[PDB]
Amino acid sequence: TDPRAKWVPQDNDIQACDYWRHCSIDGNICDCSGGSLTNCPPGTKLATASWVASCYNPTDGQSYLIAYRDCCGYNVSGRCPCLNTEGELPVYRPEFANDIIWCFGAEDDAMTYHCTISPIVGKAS
Amino acid sequence: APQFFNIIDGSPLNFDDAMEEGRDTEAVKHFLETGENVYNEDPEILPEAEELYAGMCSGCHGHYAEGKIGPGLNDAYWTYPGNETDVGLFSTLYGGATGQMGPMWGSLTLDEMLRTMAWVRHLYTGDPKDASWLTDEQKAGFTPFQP
Amino acid sequence: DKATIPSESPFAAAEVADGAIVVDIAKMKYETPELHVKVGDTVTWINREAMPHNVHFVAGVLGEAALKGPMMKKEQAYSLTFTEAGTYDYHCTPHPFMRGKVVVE
Amino acid sequence: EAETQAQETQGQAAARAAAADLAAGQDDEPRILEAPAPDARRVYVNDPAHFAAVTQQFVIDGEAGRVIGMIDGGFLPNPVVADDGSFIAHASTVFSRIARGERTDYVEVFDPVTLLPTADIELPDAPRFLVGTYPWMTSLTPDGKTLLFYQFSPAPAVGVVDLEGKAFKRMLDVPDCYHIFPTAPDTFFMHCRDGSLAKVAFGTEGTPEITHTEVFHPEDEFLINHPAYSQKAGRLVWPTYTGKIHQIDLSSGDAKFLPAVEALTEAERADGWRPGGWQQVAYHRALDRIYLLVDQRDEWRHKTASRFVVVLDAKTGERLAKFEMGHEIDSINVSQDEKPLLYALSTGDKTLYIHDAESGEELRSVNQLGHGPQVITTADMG
Ligand code: HEC
Ligand SMILES: [Cu+2]
Ligand code: NA
């Protein structure tokens with residue numbers, strides 16, 4: 001598969017980089033290290049802040065806002081790495097930037113990156 | 001014909017309290033009949049509309065309606081949804097909202113309210129396509145406000 | 001010290017008392033940038049959009065430690081009761097450019 | 001594991017010498033080597049290692065295509081290299097228990113020949129901005145005496161580290177702007193959210209002087225995170241997502257905006273060509289040329305590797321050449337000498353390809369460069 005081709009979302013496997021909710025994920029899928037699609041693995045700290053993206057759901061044809069919160073306080077998982085940038089903007093528009101380690105708000109001031117979750121926070125445009 | 005209700009308790013607005021001066025203009029008559037404010041983006045009245053806003057509203061809503069001790073009025077969000085329409089905006093000014101945002105019929109003539117409203121619309125910073133209070137021609141020449 | 005937390009976690013906006021002091025959050029901004037209140041008053045922030053937001057006071061503003069309020073989803077609220085007179089600045093954690101101010105008198 | 005033709009020649013030359021030395025009666029007496037003196041062909045490759053808690057930097061002789069040294073770093077370190085080759089340093093982050101526990105942000109300075117640290121400066125209250133590595137989020141002043149670093153939260157700020165006195169000085173409050181481009185011992189520019197540049201003049205004490213330039217780009221024109229900046233020429237080269245290039249001349253001390261030029265031809269843009277990668281642009285000061293990583297791609301695949309490099313005259317915008325790199329390239333940079341080398345780093349191959357910047361021909365390569373190499377740094381010793 002051509003990495004430069006238009007990204008095509010699917011809604012049948014969350015551990016694949018083309019799963020629709022990962023349209024702007026950067027890092028590793030938490031489900032591959034003991035977490036789940038929307039939950040952090042045991043022992044890690046859940047961040048409250050994050051960058052977001054409007055991802056298109058091919059199942060119902062609607063676009064949802066995904067909040068890419070990170071699970072922190074652990075070395076990077078190394079499993080299921082993915083990097084998508086649908087609607088991703090430069091660092092001076094941080095609300096949509098995904099190179100930033102979105103660990104702010106995590107307990108114990110944990111700032112190391114382990115993995116990213118893909119929870120829906122609302123309907124988008 | 002538009003329905004003019006108090007945005008808080010839904011009771012009918014009473015135009016009998018309106019000042020006798022400034023209820024005759026073509027703008028007011030057209031508005032009360034269609035709910036359309038012909039002063040929007042009207043180059044001829046904007047200068048005065050700005051002065052009206054400056055003296056009566058800037059202290060609370062900011063120099064450019066960006067908000068201050070009172071809420072901003074320059075984007076697509078409205079505490080009272082009906083304010084996205086001029087009938088609703090008018091109703092808010094005439095009948096009042098809550099707190100220090102009370103009825104304006106004791107200080108502004110019906111015509112002056114419409115002129116003040118036109119300046120608030122002119123301060124809009126959102127996308128022109130989202131300005132449903134503007135006609136197609138008006139949208140064509142509208143540019144989001146900038147200090 | 002200078003403010004108390006009525007609720008640690010955000011709650012439904014529907015639960016917000018009627019006629020309560022409210023600061024709406026929409027279009028990447030605190031709609032009322034310079035709110036003036038009196039000692040004892042309880043201010044409530046309500047997020048009106050999908051984009052999550054919170055209030056954040058750096059260390060030394062409301063106490064010795066900073067106050068990183070919880071992130072609010074659309075239609076969620078969070079309150080703070082100010083008990084000391086003064087001016088309190090705050091911002092949104094993930095969006096440093098979003099700033100607000102509460103003036104207690 | 002897999003030898004490149006370059007390391008294969010090196011390995012053979014070393015075997016030949018060892019065998020001949022043995023035959024001639026020479027004995028082996030192990031010692032610690034010193035790296036060869038810093039020159040225009042030395043190149044540094046940083047490996048952020050896909051956000052791992054520990055990282056590595058490789059020191060490479062671009063002429064021979066040989067690793068001459070290495071440096072260990074913490075979590076997402078920011079590397080800087082003195083243009084005069086007198087030292088190298090980085091802003092780094094470590095934790096008491098690998099990835100958790102007490103955090104320590106520090107600045108480490110290293111001898112360019114022995115690679116031993118000559119200074120370890122702790123930064124109070126862990127102020128470092130942890131983000132994918134952007135060269136210009138940590139910078140050196142032209143005199144090489146001061147290091148400036150960016151803080152994102154709780155508020156925008158720039159830390160001042162006195163490398164000469166080996167001490168942290170103070171945090172400078174700045175507007176909502178990003179990146180740091182030093183133009184003098186006490187002045188630097190930043191790029192702001194509103195589209196303007198901010199000029200910051202600071203001293204040892206007092207609030208800094210901040211002045212804004214005109215807005216030079218619209219809200220819908222996106223400037224990439226990796227602009228190229230030549231401190232010696234005072235030239236800031238900033239590409240947008242579409243390949244349009246904004247050049248800012250800061251040599252006078254104030255921002256002068258040069259005419260924007262399209263890096264991609266009308267036909268290429270029509271055929272879906274767009275720049276893409278990490279360090280997508282490079283600038284050669286002496287030749288006044290711009291190199292940009294491009295390929296055919298969808299509009300939202302701006303961080304994927306590219307297989308082509310286009311070269312243009314920075315003064316006129318004239319297309320000078322388009323090279324087929326032959327590999328998936330993420331980042332590029334160039335040596336600043338007379339006949340420049342074009343460095344092409346592949347994150348996926350963990351290999352640095354070394355090309356002739358004029359013909360685009362591949363000369364040699366260095367593989368096994370960490371886990372996810374992304375940043376190339378060279379010194380302008382001219
Ligand atoms: C301070 C004493 C005020 C002056 C003078 C004006 N306004 Fe106001 N306004 C004020 C407050 C505290 C509020 C919030 C009221 C509430 O019930 O929530 C408002 C609100 C409005 C609105 C509604 C905005 C919305 O989001 O729906 C509008 C359209 C408005 N105000 C307009 C307005 C104009 C045009 C004024 C000058 C004639 C003006 N206000 C003065 C406080 C104060
Ligand atoms: Cu916010
Ligand atoms: Na508003």
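The basis for the numbers below is simple: all heavy atoms, side chains too, and nothing from hydrogens, waters or symmetry mates. Residue numbers start from 1 in every chain, and the chains themselves are labelled A, B, ... in the order their sequence lines are given, proteins ahead of strands.
For the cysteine pair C32(A) and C80(A), the distance separating the two SG atoms is below 2.5 Å. The SG atoms of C82(A) and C17(A) are placed within less than 2.5 angstrom of each other.
The salt bridge (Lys or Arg N to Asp or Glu O under 4.0 Å) contacts involving residues 89-102 of chain A comprise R93(A)-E95(A), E95(A)-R193(D), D99(A)-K303(D), where partners must be two or more places apart or lie in separate chains.
For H179(D), the part lying near chain A is the side chain, with the backbone staying farther off; criterion is any non-hydrogen pair under 4.5 Å. Proximity to chain D (any heavy atom under 4.5 Å) is restricted, for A5(A), to the backbone atoms N, CA, C and O. With a 4.5 Å cut-off on non-hydrogen atoms, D2(A) does not touch chain D at all. Looking at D108(A), neither its backbone nor its side chain comes within 4.5 Å of chain D, counting heavy atoms on both sides.
Taking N75(A), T85(A), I101(A) one by one and counting their heavy-atom pairs under 4.5 Å with chain D, the maximum is reached by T85(A). Taking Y113(A), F104(A), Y92(A) one by one and counting their heavy-atom pairs under 4.5 Å with chain D, the maximum is reached by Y92(A). Taking chain D as the reference chain and counting heavy-atom pairs below 4.5 Å, the highest number among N28(A), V76(A), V91(A) is found for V91(A).
Proximity to chain A at a heavy-atom threshold of 4.5 Å picks out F152(D), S153(D) from residues 150-159 of chain D, in numerical order.
The aromatic rings of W136(D) and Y229(D) stand perpendicular to each other, their planes meeting at an angle above 60°, with 30° marking the opposite boundary. Using cut-offs of 30° and 60° on the angle between ring planes, the pair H246(D) and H217(D) is tilted.
Remark: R4(A) engages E328(D) in a salt bridge, criterion side-chain N to carboxylate O under 4.0 Å.
A cation-pi arrangement is found for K322(D) relative to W273(D), the charged atom lying closer than 6.0 Å to the ring centre and inside a 45° cone about the ring normal.
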